[PDB]
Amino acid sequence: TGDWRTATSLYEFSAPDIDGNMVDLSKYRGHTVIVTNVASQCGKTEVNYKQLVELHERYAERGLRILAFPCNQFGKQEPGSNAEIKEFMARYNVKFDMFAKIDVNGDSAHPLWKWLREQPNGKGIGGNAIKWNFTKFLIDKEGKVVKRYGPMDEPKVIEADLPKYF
């Protein structure tokens, strides 16, 4: 219906990429997806970027796609413009998909993230708030959330779940 409250998969949403081009996320139909909120000035920025890059290098050939959403809501650790953030990810040689900066919590949260927070059967009242930088969601080939991993779970925690969804 266009309402995030009614959506049942990743494929109902669209978001601008880091260059500002609108991306319809149905482009990921049939792929294994990780969605994560990122930041450049977090204690865990280096380990998350390094391990996300490693997962993409190991598993892109199996259809793994990583969608990274910058977000400045957690300690103001993503203060850069989109153009600044684009320059930053190359230091990690990021070749997965980078999106324009968004809010993930609160009144201005992007609708995809309003939906992600509700995933285990939320009633539309806010769900499980994103707690800090580098939360991750593993999404299956039908666009359904299958697991959430927190700021403290390094990306390599997702690895043993990946072959179930390739």
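Start at 1 and count along the sequence shown; that's the residue number.
Higher mean CA temperature factor, per the PDB entry, when comparing 107 to 115 with 125 to 133: 125 to 133.
The mean C-alpha temperature factor is higher for 87 to 95 when 87 to 95 and 67 to 75 are set side by side. By the numbers in the PDB entry, the CA B factor is greatest at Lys50 among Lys50, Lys101, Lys141, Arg62. Per the deposited record, the Cα B-factor of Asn21 falls in the highest third when ranked against the other modelled residues of its chain. When the modelled residues of the chain are ordered by their C-alpha B factor, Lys44 lands in the highest third. When the modelled residues of the chain are ordered by C-alpha B-factor, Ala15 sits in the lowest third.
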